[PDB]
Each structure stands twice: as structure tokens, then as C-alpha cells.
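Visitor: Got a file for you: target.txt, compact mmCIF, N, CA and C atoms.
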# COMPACT_ATOMS: atom_id res chain seq x y z
N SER A 1 -34.35 42.12 4.67
CA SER A 1 -34.96 41.66 3.40
C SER A 1 -36.26 42.41 3.13
N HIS A 2 -36.56 42.64 1.85
CA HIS A 2 -37.78 43.36 1.49
C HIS A 2 -38.82 42.41 0.92
N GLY A 3 -38.48 41.75 -0.18
CA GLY A 3 -39.41 40.81 -0.77
C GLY A 3 -39.07 39.38 -0.40
N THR A 4 -40.06 38.61 0.06
CA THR A 4 -39.85 37.21 0.41
C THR A 4 -41.12 36.40 0.13
N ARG A 5 -40.93 35.18 -0.35
CA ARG A 5 -42.05 34.31 -0.66
C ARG A 5 -41.71 32.85 -0.42
N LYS A 6 -42.58 32.16 0.33
CA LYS A 6 -42.41 30.74 0.63
C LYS A 6 -42.93 29.95 -0.56
N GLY A 7 -42.19 28.93 -0.97
CA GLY A 7 -42.64 28.14 -2.10
C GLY A 7 -41.77 26.94 -2.39
N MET A 8 -41.76 26.50 -3.64
CA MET A 8 -40.96 25.35 -4.00
C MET A 8 -40.13 25.62 -5.24
N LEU A 9 -38.83 25.38 -5.11
CA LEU A 9 -37.90 25.56 -6.21
C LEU A 9 -37.81 24.20 -6.87
N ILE A 10 -37.93 24.19 -8.19
CA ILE A 10 -37.85 22.96 -8.94
C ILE A 10 -36.66 23.03 -9.88
N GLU A 11 -35.98 21.90 -10.02
CA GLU A 11 -34.83 21.74 -10.90
C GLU A 11 -35.18 20.56 -11.80
N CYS A 12 -35.20 20.79 -13.11
CA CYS A 12 -35.54 19.73 -14.05
C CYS A 12 -35.01 20.04 -15.45
N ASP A 13 -34.93 19.02 -16.29
CA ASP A 13 -34.43 19.20 -17.65
C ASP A 13 -35.12 20.33 -18.40
N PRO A 14 -34.51 20.81 -19.49
CA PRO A 14 -35.10 21.90 -20.27
C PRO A 14 -36.48 21.57 -20.85
N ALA A 15 -36.74 20.28 -21.09
CA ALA A 15 -38.02 19.87 -21.64
C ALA A 15 -39.15 20.03 -20.62
N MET A 16 -39.05 19.33 -19.50
CA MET A 16 -40.06 19.42 -18.45
C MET A 16 -40.32 20.89 -18.06
N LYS A 17 -39.25 21.66 -17.92
CA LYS A 17 -39.36 23.07 -17.55
C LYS A 17 -40.24 23.86 -18.51
N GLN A 18 -40.05 23.64 -19.81
CA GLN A 18 -40.86 24.34 -20.80
C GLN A 18 -42.31 23.88 -20.70
N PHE A 19 -42.49 22.63 -20.30
CA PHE A 19 -43.83 22.06 -20.16
C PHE A 19 -44.56 22.72 -19.00
N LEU A 20 -43.84 23.00 -17.92
CA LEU A 20 -44.44 23.66 -16.76
C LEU A 20 -44.88 25.06 -17.19
N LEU A 21 -44.01 25.76 -17.91
CA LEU A 21 -44.32 27.10 -18.40
C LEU A 21 -45.56 27.04 -19.29
N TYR A 22 -45.66 25.99 -20.09
CA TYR A 22 -46.81 25.84 -20.96
C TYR A 22 -48.07 25.57 -20.15
N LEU A 23 -47.94 24.76 -19.11
CA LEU A 23 -49.09 24.43 -18.26
C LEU A 23 -49.58 25.66 -17.51
N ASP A 24 -48.63 26.47 -17.05
CA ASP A 24 -48.93 27.69 -16.31
C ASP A 24 -49.59 28.75 -17.22
N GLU A 25 -49.01 28.99 -18.39
CA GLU A 25 -49.56 29.99 -19.30
C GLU A 25 -50.95 29.65 -19.80
N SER A 26 -51.20 28.36 -20.02
CA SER A 26 -52.49 27.91 -20.52
C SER A 26 -53.50 27.59 -19.43
N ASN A 27 -53.11 27.76 -18.16
CA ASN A 27 -54.01 27.46 -17.04
C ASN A 27 -54.61 26.07 -17.14
N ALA A 28 -53.82 25.13 -17.63
CA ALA A 28 -54.27 23.75 -17.78
C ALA A 28 -54.66 23.14 -16.44
N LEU A 29 -54.19 23.72 -15.35
CA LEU A 29 -54.51 23.19 -14.03
C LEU A 29 -55.60 24.00 -13.35
N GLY A 30 -56.19 24.94 -14.09
CA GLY A 30 -57.25 25.76 -13.53
C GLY A 30 -56.72 27.03 -12.90
N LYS A 31 -55.44 27.02 -12.54
CA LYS A 31 -54.83 28.20 -11.93
C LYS A 31 -53.32 28.24 -12.10
N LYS A 32 -52.77 29.45 -12.04
CA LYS A 32 -51.33 29.68 -12.16
C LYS A 32 -50.60 29.06 -10.99
N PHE A 33 -49.39 28.56 -11.24
CA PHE A 33 -48.59 27.98 -10.18
C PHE A 33 -47.16 28.49 -10.21
N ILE A 34 -46.79 29.20 -11.27
CA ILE A 34 -45.44 29.71 -11.35
C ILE A 34 -45.34 31.08 -10.71
N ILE A 35 -44.56 31.16 -9.64
CA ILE A 35 -44.38 32.43 -8.95
C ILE A 35 -43.26 33.21 -9.63
N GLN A 36 -42.22 32.51 -10.07
CA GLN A 36 -41.13 33.19 -10.76
C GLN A 36 -40.29 32.27 -11.64
N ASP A 37 -39.99 32.73 -12.84
CA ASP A 37 -39.16 31.94 -13.74
C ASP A 37 -37.73 32.23 -13.30
N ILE A 38 -36.84 31.26 -13.47
CA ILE A 38 -35.47 31.48 -13.03
C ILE A 38 -34.44 31.17 -14.10
N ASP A 39 -34.16 29.89 -14.27
CA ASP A 39 -33.17 29.44 -15.24
C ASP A 39 -33.88 28.58 -16.27
N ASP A 40 -33.12 27.96 -17.17
CA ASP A 40 -33.70 27.10 -18.19
C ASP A 40 -34.01 25.74 -17.58
N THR A 41 -33.55 25.54 -16.35
CA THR A 41 -33.76 24.29 -15.62
C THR A 41 -34.27 24.53 -14.19
N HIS A 42 -34.68 25.76 -13.90
CA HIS A 42 -35.18 26.12 -12.58
C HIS A 42 -36.43 27.02 -12.60
N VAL A 43 -37.38 26.72 -11.73
CA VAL A 43 -38.61 27.50 -11.63
C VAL A 43 -39.08 27.48 -10.17
N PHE A 44 -39.50 28.63 -9.65
CA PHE A 44 -39.99 28.70 -8.28
C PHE A 44 -41.51 28.66 -8.37
N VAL A 45 -42.13 27.62 -7.80
CA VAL A 45 -43.59 27.48 -7.85
C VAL A 45 -44.26 27.52 -6.47
N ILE A 46 -45.59 27.58 -6.46
CA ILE A 46 -46.37 27.62 -5.22
C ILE A 46 -46.14 26.35 -4.41
N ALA A 47 -46.17 26.47 -3.09
CA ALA A 47 -45.96 25.31 -2.23
C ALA A 47 -47.00 24.21 -2.44
N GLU A 48 -48.24 24.59 -2.71
CA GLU A 48 -49.30 23.60 -2.90
C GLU A 48 -49.54 23.17 -4.34
N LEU A 49 -48.47 23.01 -5.11
CA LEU A 49 -48.59 22.58 -6.49
C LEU A 49 -49.22 21.19 -6.60
N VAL A 50 -48.83 20.29 -5.71
CA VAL A 50 -49.37 18.94 -5.75
C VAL A 50 -50.89 18.94 -5.55
N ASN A 51 -51.36 19.66 -4.53
CA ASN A 51 -52.80 19.77 -4.27
C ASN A 51 -53.53 20.29 -5.51
N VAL A 52 -52.94 21.30 -6.14
CA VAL A 52 -53.54 21.89 -7.34
C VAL A 52 -53.69 20.83 -8.41
N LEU A 53 -52.62 20.08 -8.63
CA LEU A 53 -52.62 19.03 -9.63
C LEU A 53 -53.59 17.90 -9.23
N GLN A 54 -53.66 17.61 -7.94
CA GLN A 54 -54.55 16.56 -7.44
C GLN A 54 -56.00 16.99 -7.62
N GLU A 55 -56.23 18.29 -7.53
CA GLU A 55 -57.56 18.86 -7.69
C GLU A 55 -57.98 18.88 -9.15
N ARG A 56 -57.04 19.20 -10.03
CA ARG A 56 -57.29 19.25 -11.46
C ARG A 56 -57.64 17.88 -12.03
N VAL A 57 -56.86 16.88 -11.65
CA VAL A 57 -57.07 15.51 -12.12
C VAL A 57 -58.44 14.97 -11.72
N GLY A 58 -58.96 15.44 -10.59
CA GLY A 58 -60.26 15.00 -10.12
C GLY A 58 -61.36 15.36 -11.11
N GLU A 59 -61.31 16.58 -11.63
CA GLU A 59 -62.31 17.04 -12.59
C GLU A 59 -62.21 16.21 -13.87
N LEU A 60 -61.05 15.60 -14.11
CA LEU A 60 -60.87 14.78 -15.31
C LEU A 60 -61.54 13.42 -15.23
N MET A 61 -61.94 13.03 -14.02
CA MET A 61 -62.59 11.74 -13.85
C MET A 61 -63.90 11.71 -14.63
N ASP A 62 -64.47 10.52 -14.76
CA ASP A 62 -65.73 10.33 -15.47
C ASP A 62 -66.91 10.86 -14.70
N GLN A 63 -67.76 11.61 -15.40
CA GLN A 63 -68.97 12.17 -14.81
C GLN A 63 -69.93 11.06 -14.39
N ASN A 64 -70.67 11.31 -13.30
CA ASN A 64 -71.68 10.37 -12.82
C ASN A 64 -72.89 11.15 -12.31
N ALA A 65 -73.90 10.42 -11.83
CA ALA A 65 -75.14 11.00 -11.32
C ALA A 65 -74.98 12.05 -10.23
N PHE A 66 -73.91 11.96 -9.46
CA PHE A 66 -73.65 12.88 -8.36
C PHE A 66 -72.69 14.02 -8.69
N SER A 67 -72.16 14.03 -9.91
CA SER A 67 -71.20 15.05 -10.35
C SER A 67 -71.58 16.51 -10.06
N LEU A 68 -72.87 16.83 -10.13
CA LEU A 68 -73.30 18.21 -9.88
C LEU A 68 -73.82 18.47 -8.47
N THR A 69 -74.40 17.47 -7.83
CA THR A 69 -74.92 17.67 -6.48
C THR A 69 -73.83 17.59 -5.42
N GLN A 70 -72.67 17.05 -5.79
CA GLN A 70 -71.58 16.94 -4.83
C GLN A 70 -70.44 17.88 -5.21
N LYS A 71 -70.36 18.21 -6.50
CA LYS A 71 -69.30 19.09 -7.02
C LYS A 71 -69.86 20.31 -7.74
Translate this file's structure into C-alpha cells.
Guide:
Amino acid sequence: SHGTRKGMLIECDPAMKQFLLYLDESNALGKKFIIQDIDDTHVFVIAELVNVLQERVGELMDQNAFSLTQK
């Protein structure tokens, strides 16, 4: 084998799939997560997609007095 990449293959309806493509193109999560587009219902993404999403949602929380000294 020449090219190989560890990751996560996702299978989902045509709607959700287009949404992932939209999220990836717009960097709505702060960073790209799509390694390769495949089918209209399949996409190969980074293994740590959940962490990325968990990290993005954190910034969405309400700002407080410690928002800048801790983050």
C-alpha cells in the first residue's frame, strides 16, 4: 500500500452529509475535519471529530470573569 490514513468513515442520509460538508467548508468547528469525500451518504473524517466538536461547543458557552485568564 502507498497511501493510508487512520480515521472514521461515516454513513448518513444525504441531508446530514451535506451538512457535514457545509460545516467543514465554513470551518464552523474552528478546523477542517473532512479527510475525503466519498459518496452522497459517506464521508471519511478525522478520528478525533468528537473532541473537535466538544472543543467548539465550549467556546459557545457564556462568557464569565475567568474567560480570558483561563482560556
Visitor: Report the distance between atom N of residue A:46 and atom CA of residue A:34 in Å, rounded to one decimal place.
Guide: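 Going from atom N of residue A:46 over to atom CA of residue A:34 covers 5.3 Å.
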Visitor: Between atom C of residue A:6 and atom CA of residue A:44, what is the distance in Å, rounded to a tenth?
Guide: 8.4 Å
Visitor: Need the shell around residue A:24: protein/DNA/RNA residues with any atom at most 6 Å away, counting all atoms listed in the file. Skip same-chain ones fewer than 4 positions apart. Format as a ChimeraX atom specification?
Guide: /A:19-20,28,32-34
Visitor: Here is a test: counting only C-alpha atoms, which residue of A:35, A:8, A:25, A:66 is nearest to residue A:47?
Guide: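 Among A:35, A:8, A:25, A:66, it is A:8 that comes nearest to residue A:47.
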Visitor: Between A:36, A:67, A:55, A:41, single out the one closest to residue A:18, counting only N, CA and C atoms.
Guide: A:41
Visitor: Rounded to one decimal in Å, what is the spacing between atom CA of residue A:39 and atom CA of residue A:57?
Guide: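 Atom CA of residue A:57 lies 27.8 Å from atom CA of residue A:39.
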Visitor: As AutoDock Vina command-line options, please: the centre and edge lengths in Å, to one decimal, of an axis-aligned box enclosing every listed atom of stretch 15-20 of chain A with 6 Å added on each side.
Guide:
--center_x -40.8 --center_y 22.2 --center_z -19.2 --size_x 20.1 --size_y 17.7 --size_z 16.9
Visitor: Chain A: which residues are strand (DSSP E) by DSSP, as a PyMOL selection string?
Guide: chain A and resi 8-11+34-37+42-45
Visitor: May I have all residues of chain A that DSSP, computed from the backbone, assigns to helix (DSSP H, G or I), given as a list in words?
Guide: residues 14, 15, 16, 17, 18, 19, 20, 21, 22, 23, 24, 25, 49, 50, 51, 52, 53, 54, 55, 56, 57, 58 and 59 of chain A
Visitor: Using only C-alpha atoms, which residue out of A:49, A:60, A:43, A:68 lies closest to residue A:21?
Guide: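 Ranked by minimum distance to residue A:21, first place goes to A:43.
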Visitor: Can you work out which one of A:56, A:42, A:2, A:31 has the shortest atom-to-atom distance to residue A:15, counting only C-alpha atoms?
Guide: A:42
Visitor: For residue A:16, which of A:54, A:40, A:63, A:45 is the closest residue, counting only N, CA and C atoms?
Guide: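 Answer, going by the shortest atom-to-atom distance: A:40.
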Visitor: May I ask which of the residues A:12, A:7, A:1, A:22 is the closest one to residue A:48, counting only N, CA and C atoms?
Guide: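 For residue A:48, the nearest of the candidates is A:7.
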Visitor: How would stretch 42-58 of chain A read, as a PDB file, keeping the file's coordinate frame, once N, CA, C and O atoms are built in?
Guide:
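The file below, result_0.pdb, is the result:
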ATOM      1  N   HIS A  42     -34.680  25.760 -13.900  1.00  0.00           N
ATOM      2  CA  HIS A  42     -35.180  26.120 -12.580  1.00  0.00           C
ATOM      3  C   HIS A  42     -36.430  27.020 -12.600  1.00  0.00           C
ATOM      4  O   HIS A  42     -36.509  27.971 -13.373  1.00  0.00           O
ATOM      5  N   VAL A  43     -37.380  26.720 -11.730  1.00  0.00           N
ATOM      6  CA  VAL A  43     -38.610  27.500 -11.630  1.00  0.00           C
ATOM      7  C   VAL A  43     -39.080  27.480 -10.170  1.00  0.00           C
ATOM      8  O   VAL A  43     -39.046  26.445  -9.512  1.00  0.00           O
ATOM      9  N   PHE A  44     -39.500  28.630  -9.650  1.00  0.00           N
ATOM     10  CA  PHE A  44     -39.990  28.700  -8.280  1.00  0.00           C
ATOM     11  C   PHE A  44     -41.510  28.660  -8.370  1.00  0.00           C
ATOM     12  O   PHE A  44     -42.117  29.546  -8.948  1.00  0.00           O
ATOM     13  N   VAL A  45     -42.130  27.620  -7.800  1.00  0.00           N
ATOM     14  CA  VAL A  45     -43.590  27.480  -7.850  1.00  0.00           C
ATOM     15  C   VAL A  45     -44.260  27.520  -6.470  1.00  0.00           C
ATOM     16  O   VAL A  45     -43.581  27.481  -5.437  1.00  0.00           O
ATOM     17  N   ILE A  46     -45.590  27.580  -6.460  1.00  0.00           N
ATOM     18  CA  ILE A  46     -46.370  27.620  -5.220  1.00  0.00           C
ATOM     19  C   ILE A  46     -46.140  26.350  -4.410  1.00  0.00           C
ATOM     20  O   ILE A  46     -45.942  25.283  -4.983  1.00  0.00           O
ATOM     21  N   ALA A  47     -46.170  26.470  -3.090  1.00  0.00           N
ATOM     22  CA  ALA A  47     -45.960  25.310  -2.230  1.00  0.00           C
ATOM     23  C   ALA A  47     -47.000  24.210  -2.440  1.00  0.00           C
ATOM     24  O   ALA A  47     -46.676  23.035  -2.369  1.00  0.00           O
ATOM     25  N   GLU A  48     -48.240  24.590  -2.710  1.00  0.00           N
ATOM     26  CA  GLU A  48     -49.300  23.600  -2.900  1.00  0.00           C
ATOM     27  C   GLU A  48     -49.540  23.170  -4.340  1.00  0.00           C
ATOM     28  O   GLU A  48     -50.690  22.968  -4.754  1.00  0.00           O
ATOM     29  N   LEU A  49     -48.470  23.010  -5.110  1.00  0.00           N
ATOM     30  CA  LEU A  49     -48.590  22.580  -6.490  1.00  0.00           C
ATOM     31  C   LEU A  49     -49.220  21.190  -6.600  1.00  0.00           C
ATOM     32  O   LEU A  49     -50.036  20.945  -7.483  1.00  0.00           O
ATOM     33  N   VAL A  50     -48.830  20.290  -5.710  1.00  0.00           N
ATOM     34  CA  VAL A  50     -49.370  18.940  -5.750  1.00  0.00           C
ATOM     35  C   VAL A  50     -50.890  18.940  -5.550  1.00  0.00           C
ATOM     36  O   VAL A  50     -51.613  18.322  -6.337  1.00  0.00           O
ATOM     37  N   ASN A  51     -51.360  19.660  -4.530  1.00  0.00           N
ATOM     38  CA  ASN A  51     -52.800  19.770  -4.270  1.00  0.00           C
ATOM     39  C   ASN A  51     -53.530  20.290  -5.510  1.00  0.00           C
ATOM     40  O   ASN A  51     -54.597  19.806  -5.867  1.00  0.00           O
ATOM     41  N   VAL A  52     -52.940  21.300  -6.140  1.00  0.00           N
ATOM     42  CA  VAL A  52     -53.540  21.890  -7.340  1.00  0.00           C
ATOM     43  C   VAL A  52     -53.690  20.830  -8.410  1.00  0.00           C
ATOM     44  O   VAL A  52     -54.750  20.680  -9.019  1.00  0.00           O
ATOM     45  N   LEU A  53     -52.620  20.080  -8.630  1.00  0.00           N
ATOM     46  CA  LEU A  53     -52.620  19.030  -9.630  1.00  0.00           C
ATOM     47  C   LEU A  53     -53.590  17.900  -9.230  1.00  0.00           C
ATOM     48  O   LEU A  53     -54.271  17.325 -10.077  1.00  0.00           O
ATOM     49  N   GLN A  54     -53.660  17.610  -7.940  1.00  0.00           N
ATOM     50  CA  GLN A  54     -54.550  16.560  -7.440  1.00  0.00           C
ATOM     51  C   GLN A  54     -56.000  16.990  -7.620  1.00  0.00           C
ATOM     52  O   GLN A  54     -56.891  16.163  -7.824  1.00  0.00           O
ATOM     53  N   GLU A  55     -56.230  18.290  -7.530  1.00  0.00           N
ATOM     54  CA  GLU A  55     -57.560  18.860  -7.690  1.00  0.00           C
ATOM     55  C   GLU A  55     -57.980  18.880  -9.150  1.00  0.00           C
ATOM     56  O   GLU A  55     -59.141  18.624  -9.482  1.00  0.00           O
ATOM     57  N   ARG A  56     -57.040  19.200 -10.030  1.00  0.00           N
ATOM     58  CA  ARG A  56     -57.290  19.250 -11.460  1.00  0.00           C
ATOM     59  C   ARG A  56     -57.640  17.880 -12.030  1.00  0.00           C
ATOM     60  O   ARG A  56     -58.582  17.744 -12.812  1.00  0.00           O
ATOM     61  N   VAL A  57     -56.860  16.880 -11.650  1.00  0.00           N
ATOM     62  CA  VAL A  57     -57.070  15.510 -12.120  1.00  0.00           C
ATOM     63  C   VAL A  57     -58.440  14.970 -11.720  1.00  0.00           C
ATOM     64  O   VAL A  57     -59.027  14.164 -12.444  1.00  0.00           O
ATOM     65  N   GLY A  58     -58.960  15.440 -10.590  1.00  0.00           N
ATOM     66  CA  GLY A  58     -60.260  15.000 -10.120  1.00  0.00           C
ATOM     67  C   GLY A  58     -61.360  15.360 -11.110  1.00  0.00           C
ATOM     68  O   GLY A  58     -62.222  14.542 -11.415  1.00  0.00           O
TER      69      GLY A  58
END
